[PDB]
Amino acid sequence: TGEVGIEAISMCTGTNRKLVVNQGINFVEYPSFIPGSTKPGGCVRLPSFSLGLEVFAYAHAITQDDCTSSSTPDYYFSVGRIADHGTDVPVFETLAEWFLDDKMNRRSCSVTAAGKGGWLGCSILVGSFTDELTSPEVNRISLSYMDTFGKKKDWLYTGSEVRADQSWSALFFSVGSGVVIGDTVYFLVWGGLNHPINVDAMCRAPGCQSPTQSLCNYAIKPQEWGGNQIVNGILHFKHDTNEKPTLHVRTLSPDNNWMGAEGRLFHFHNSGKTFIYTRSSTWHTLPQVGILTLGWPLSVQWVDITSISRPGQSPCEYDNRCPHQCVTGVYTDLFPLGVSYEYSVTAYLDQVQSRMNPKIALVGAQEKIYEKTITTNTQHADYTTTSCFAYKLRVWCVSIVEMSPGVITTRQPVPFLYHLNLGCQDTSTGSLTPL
């Protein structure tokens, strides 16, 4: 197993060069590494998946509701490896598992594969998330470590232990995975600020002639949540499997971001590039994807993608381009396949307002390159997260999709595994050069 050569994919651009999908996607049949639920009713949701240099880490929440309440979830947390069983199909071997059923009310957890194990970052909530956003005291968070030998750590933090550049009223992990760079673990987080940063919101609106700056400013201060600025941040700590890690939080200024939201970090060691995705929760319904600079302060070079969107409640439905005051949308991340996020693959929901019609799609900046319907166009589905890797000189992707209905639950994540057969096509002649 290795990382995708996104530099080589980026070179497949220019005159009489077109990135294409040689062969239709075919989903592999294998025993799923995502456990099902055993209690009638309820919901399995919020999958988090990280593929590291040595292991993968996975987690999801199990609730006894219809995926909408804030009842106390149980969490499943596992660490495994991509194994060699003598064929071209990668094999997901689970090595250590942890059923976190302690009723601590861990919320919005993300995983990060680090070395021979994984980190699980969660928010501990006592009440509702709106109550947490209003109250000036920040919620507690937990960090759990598990390696392939079954060694486990579980650390709890109050806000007074977190070295933050700002005073947050609430701190939630991003659901999507974080990354490790060298010896440091990085998580994307989001939450509310006690004292707003006095700058104008970003107001980056491709396809809107005159975006109203005032509407952009109100969008990041939803009144239904107490009117605080909702921001993203980066939580990082030096990887430590013995001592309690020392946590640092940096805030992404609202002039370089849309409303703070769930999202994901990606990192490629060969090119050194770090990428960021965030959920399109407001008026900006196009993908929010960029190159992240982990400096002081943080800065994101955002990349305009217009080929796809996500379902949302009107006026912030699929493909809406102009600012409004709305909170809707869905997490459907895009795995970067180019050094500038110009190519990516994703499981997205091709629907205007309803959450249905999930499709795998390879997309460029302007248009979709290839797409495949997962089941039917009336299929209900919700959150999706996609990860790609090199296995025996081929690009493989796993797209974990919250499919609805589950067998006995409202939702159930399914890990779709497929060879992504990319080729560079000379459009003057039709001849292909495989990647």
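Residues carry their position along the shown sequence, with the first being 1.
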property: Given 364-372 and 51-59, the range whose Cα B-factors average higher in the PDB entry; result: 364-372
property: 185-193 versus 319-327 - which carries the larger mean C-alpha B factor in the record; result: 319-327
property: Residue with highest C-alpha B-factor in the PDB entry, from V126, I291, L235, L171; result: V126
property: Maximum C-alpha temperature factor, selected from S70, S404, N26, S399; result: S70
property: Chain thirds of CA B-factor: placement of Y341; result: highest
property: Chain-wide C-alpha B factor ranking for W98, given as lowest, middle or highest third; result: lowest
property: Chain-relative CA temperature factor third for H269; result: highest
property: Modelled-residue ranking by C-alpha temperature factor, third containing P35; result: lowest
property: B-factor third for the C-alpha atom of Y348 within its chain; result: middle
